[PDB]
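# Geometric and topological summary
Listed below are the residues making up each chain.
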Amino acid sequence: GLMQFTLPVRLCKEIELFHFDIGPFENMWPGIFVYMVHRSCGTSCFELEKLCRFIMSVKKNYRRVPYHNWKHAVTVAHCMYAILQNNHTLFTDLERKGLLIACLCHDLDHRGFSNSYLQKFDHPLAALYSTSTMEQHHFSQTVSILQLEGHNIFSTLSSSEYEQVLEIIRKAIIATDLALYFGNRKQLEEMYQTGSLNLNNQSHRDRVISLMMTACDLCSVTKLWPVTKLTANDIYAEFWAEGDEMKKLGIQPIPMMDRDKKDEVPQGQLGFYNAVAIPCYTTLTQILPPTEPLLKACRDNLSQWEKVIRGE
Ligand SMILES: COCCn1cc(-c2cnc(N3CCOCC3)c3nc(COc4ccc5ccccc5n4)cn23)cn1
Ligand SMILES: [Mg+2]
Ligand SMILES: [Zn+2]
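About the thresholds
Residues numbered from 1 in each chain as written, not as in the entry; some residues may be left out. Chains lettered and ligands numbered in written order. Heavy atoms only, no water. Residues with missing side-chain atoms left out of burial classes, pairs and counts. UniProt positions renumbered as here; feature names shortened; annotations may be inferred. Helix = DSSP H or I, 4+ residues; strand = E, 2+ residues; numbered from the N terminus. Buried < 20%, exposed > 50% of the residue type's maximum accessible area, 1.4 Å probe, protein only. Polar contact = N/O pair within 3.5 Å; in protein donor to acceptor, adjacent residues only side chain to side chain. Disulfide = S-S within 2.5 Å. Near = heavy atom within 4 Å. Areas by Shrake-Rupley, 256 points an atom, 1.4 Å probe, with all protein chains shown as cover. Nonpolar A, V, L, I, M, F, W, Y, C, P; charged D, E, K, R; others polar. Donors = N, O, S within 2.8 Å, 3.2 Å for Na, K, Ca; no water. Tetrahedral: all angles 85-135°; square planar, octahedral: opposite > 155°, others 65-115°. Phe/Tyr/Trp six-rings, centres within 6.5 Å; stacked < 30°, edge-to-face > 60°. Salt bridge = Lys/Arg side-chain N within 4 Å of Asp/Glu carboxyl O.

As deposited, the entry is annotated with X-ray crystallography as its determination method and 2.70 Å as its resolution.

Under the PDB entry, the name given to the protein chain is cAMP and cAMP-inhibited cGMP 3',5'-cyclic phosphodiesterase 10A, and the organism recorded is Homo sapiens. The record lists its title as "PDE10a with imidazopyrazine inhibitor".

### Digging into the UniProt feature "active site" in the protein chain
Sites flagged by UniProt as "active site" map to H68. Residue placement: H68 occurs in the loop between α2 (48-60) and α3 (70-86). Among the residues examined, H68 registers a relative accessible area of 16% and is labelled buried. A polar atom in the side chain of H68 sits 2.4 Å from the side chain of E238.

### Side note on the state of the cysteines
Here is the idea: a disulfide is a covalent bond, and it sits between the sulfur atoms of two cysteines. This structure, assessed with the given rule, holds zero disulfides. No disulfide involves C280; its nearest neighbouring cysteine sulfur is the one of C298, lying 8.5 Å away. Relative accessible area serves as the criterion here: at 0%, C280 is assigned to the buried category. On the basis of relative accessibility, which here comes to 0%, the residue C298 falls in the buried class.

### Things to note about the site of ligand 1
Near ligand 1 there are 14 residues, and of these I235, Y236, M256, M257 and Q269 occur at the shortest range. In this structure, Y236 approaches ligand 1 through a side-chain N or O atom, which is 2.8 Å from a nitrogen atom. Contact distances for ligand 1 include 2.9 Å between a nitrogen atom and a side-chain N or O atom of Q269. Look at ligand 1: alone it shows 730 Å² of surface, and the protein chains cover 77% of it. Counting only elements with at least two residues in the shell around ligand 1, the list comes to α11 (225-248) and α12 (265-287). Within the shell around ligand 1, the residues separate by chemical class into eight nonpolar, four polar and two charged.

### Considerations on the coordination of the zinc ion (ligand 3)
Of the protein atoms, only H72 (NE2), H106 (NE2), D107 (OD) and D217 (OD) coordinate the zinc ion (ligand 3), at distances of 2.0 to 2.3 Å. Coordination geometry of the zinc ion (ligand 3): the four donor atoms subtend angles of 68 to 142° at the metal centre, consistent with an arrangement described as irregular. Donor residues binding the zinc ion (ligand 3) come from one chain and are separated in sequence as H-x33-H-D-x109-D. A separation of 4.5 Å is found between the zinc ion (ligand 3) and the magnesium ion (ligand 2), which share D107 as a coordinating residue. Of the two residues, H106 sits in the loop between α4 (93-104) and α5 (115-120) while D217 sits in helix α10 (residues 202-217), which places them 111 residues apart along the sequence. Per residue, the accessibility class of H106 equals that of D217, and both read buried.

### Considerations on the packing of aromatic side chains
Inspection of the entire model under this criterion finds 10 aromatic pairs. Seen from their ring centres, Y117 and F121 are 4.8 Å apart, and the 40° between their planes marks the pair as tilted. Given the relative accessible area of 16%, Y117 is considered buried. Look at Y236 and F239: their rings are 5.9 Å apart centre to centre, the planes differ by 75°, and that puts the pair in the edge-to-face class. Here the residue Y236 and the residue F239 both occupy positions in helix α11, the gap between them amounting to three residues, near one helical turn. Here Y236 matches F239 in class, with each residue buried. By the ring-pair criterion, three or more aromatic residues cluster together here, those being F113, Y117 and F121.

### Points about the pattern of salt bridges
A pair can form between side chains of opposite charge whenever their charged atoms are brought close. One pass over the structure, following the stated rule, counts 15 salt bridges. With a closest N to O distance of 2.9 Å, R170 and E167 form a salt bridge. Linking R170 with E167, this pair stays in helix α8 (residues 159-174), spanning three residues, or about one helical turn. Exposure remark for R170: the relative accessible area of 33% places this residue in the partly exposed category. The exposure class assigned to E167 is partly exposed, which follows from its relative accessible area of 33%. With a shortest N-O distance of 3.1 Å, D258 and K247 are connected by a salt bridge. Remark: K247 occurs in helix α11 and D258 occurs in the loop between α11 and α12; sequence separation between them is 11 residues. Classification of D258 as buried rests on a relative accessible area of 5%.

This is how it looks when you write it as structure tokens:
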């Protein structure tokens, strides 16, 4: 059904840009993921029938929430695409496959509630996945969907190669738990500076991949402003929707998840960039220099928030 698709020539060149925006090509998002895989791992790392089967199932299990939904998955997948394409040598054939799948499934069957909420109100997900709650569920879902009839796109890997690819996927879905980013960047940051970072060192390698994921995951901040500005709202609908349930249970939510403090949105976003996004994209560039356009777009949108906060 999908299989017969081919991307328009108008988009081939734009799709390679880091600041590419999938937004006005909704009914092509699956096609673009077929595209980004064929361009990266060639047209014969997955049987086309099995890839298309898998993507549409991935789509199915993305809910109709405001931010953590199928649009957000593809956008992330795209960033990693642009990262991988700009640093083609540095990552193994096997890693390229995993990181393009892992991104796509990184928020699979997401409920639009944080781990804070799922843990504060004792959700069964928090009963099972004690830390990194939603992030563990997300990987879980990749497993089941892979085990579905005719979905195992990796089935052509050796038994050992198969297990390596799941590890990579699992590690990269967990690293998108922002709680782990701070420590991950902190440790990356020192390794590079104290001069001990080493691609060859597999534990070192995993952190590079984890930060990559965090860069792709938040990459809405790296687009043209009228995209970035629109995307900001999407996250807040979700956040405030969380707060609102808390309130219906007698509980006051924190400012970010309280729609009565929406006049502070620029304030939050300006502080988010400075506390999270900028450091992320600084350490990504420092380690992966040709991926610098991200940091550049992140700054651009930062001063756009400045402009707003002080009224221009
Ligand atoms: C506990 O919530 C889950 C963990 N968490 C997620 C975030 C977070 C993630 N992504 C954000 N993006 C990516 C998409 O483009 C918009 C920015 C993000 N923005 C924020 C905004 O930060 C705040 C902080 C305090 C605020 C207080 C009042 C009004 C707005 C605020 N925004 C938090 N996150 C912060 N903590
Ligand atoms: Mg997540
Ligand atoms: Zn995400």
